[PDB]
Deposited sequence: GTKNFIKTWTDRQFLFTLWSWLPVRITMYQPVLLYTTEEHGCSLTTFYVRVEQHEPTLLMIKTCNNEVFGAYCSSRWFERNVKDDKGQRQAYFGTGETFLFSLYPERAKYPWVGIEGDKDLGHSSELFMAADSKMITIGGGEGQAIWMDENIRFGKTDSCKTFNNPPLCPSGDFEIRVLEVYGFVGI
């Protein structure tokens, strides 16, 4: 409705807005998937989000930590094969970035914005897990039930664990897309 209600209901988006790529800030964010309404499985997650790009992933843990990632590419691309016919694990571009809102508040861009293959590992997903940020650790990792997950330092984003404990339980997961071509 009005400005106050819109801001109140979507505070985390308005806090994040200035971190998005500048061209994206001119589009309208739309809720693609929420564990509060749409099921709670990678299978229903893919069906709803996989042809959108870019997307914004927001995790609220049962420990009241809030973090997530801007994802450059459609999750549909998780199954792309190279020219040998071997499925590619990691996909995406260097516009992908991690963020945390609570307890800390930080943006971890790709370390190559200013190297090796292992610092260019953005997104990966299959029937057992979805992960973001790879290379000697996984920045965000979540299981097929979107119930439990882990977080670690990774070399693509040189981040710390986005919550103090290395693990978390998901209270709610939200995915936003962008419309307005």
Absent from the model, numbered along the deposited sequence, are 1 to 2, 117 to 120
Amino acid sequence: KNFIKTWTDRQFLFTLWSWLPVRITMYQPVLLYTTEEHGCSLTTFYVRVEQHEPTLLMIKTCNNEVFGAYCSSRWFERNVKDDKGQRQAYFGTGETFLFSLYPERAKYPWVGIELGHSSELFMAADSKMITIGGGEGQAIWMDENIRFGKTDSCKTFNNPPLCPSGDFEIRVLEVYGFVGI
From here on, numbers count along this sequence of modelled residues.
Averaging CA B factors per stretch from the PDB record, which one is higher: 23 to 31 or 37 to 45? 37 to 45
Mean Cα B-factor check, 148 to 156 vs 123 to 131, entry values; winner is 148 to 156
In terms of the chain's CA B-factor thirds, is residue 78 lowest, middle or highest? lowest
Ranking the modelled residues of this chain by C-alpha B-factor as given in the entry, is residue 92 in the lowest, middle or highest third? lowest
Among the modelled residues of its chain, does the C-alpha B-factor of residue 54 lie in the lowest, middle or highest third? lowest
What third of the chain does residue 139 rank in for C-alpha temperature factor, lowest, middle or highest? middle
Lowest, middle or highest third: which one holds residue 101 when the chain's residues are ordered by CA B-factor from the entry? highest
